[PDB]
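Engineer:
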Amino acid sequence: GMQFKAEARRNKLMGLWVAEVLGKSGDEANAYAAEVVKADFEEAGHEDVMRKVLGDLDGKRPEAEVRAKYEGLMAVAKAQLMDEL
């Protein structure tokens, strides 16, 4: 299945965007791009993830920007995994 490879990539990639929106850089962003991958076991779909990134953003962006970013990234995530080959 591609679910999981694609999940890890989608989840990681959003972390790097959210990190840039925080004003992280370098390795702070890479560490953060593990955190967003580490919030998807307790609840399926996109529940406990969203509250994690939103609370971490502290109001730095509107939810409408944020959730759209995540949702749109599933396409990008799966580009990268066939483009990395």
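Numbering (the deposited numbering), first residue to last: 1 to 85. In this text, a Cβ means the ideal position worked out from N, Cα and C, and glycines have one as well.
Counting Cβ pairs, one atom from each stretch, are 3 or more of them under 8 Å apart for the segment 69-83 and the segment 2-19?
Structural biologist: yes
Engineer: Closest to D58 by C-alpha separation, out of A68, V18, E47 and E71, would be which residue?
Structural biologist: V18
Engineer: Flag this pair as yes or no: are the beta carbons of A8 and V37 separated by less than 7 Å?
Structural biologist: Less than 7 Å separates the beta-carbon of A8 from that of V37.
Engineer: Can you tell me which of the three DSSP states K24 falls into?
Structural biologist: coil
Engineer: Run through DSSP, which three-state label would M2 get?
Structural biologist: coil
Engineer: Going by Cα to Cα distance, which pick from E47, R61 and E84 is closest to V21?
Structural biologist: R61
Engineer: Please identify the residue among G23, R67, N30 and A29 whose C-alpha is closest to the C-alpha of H46.
Structural biologist: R67
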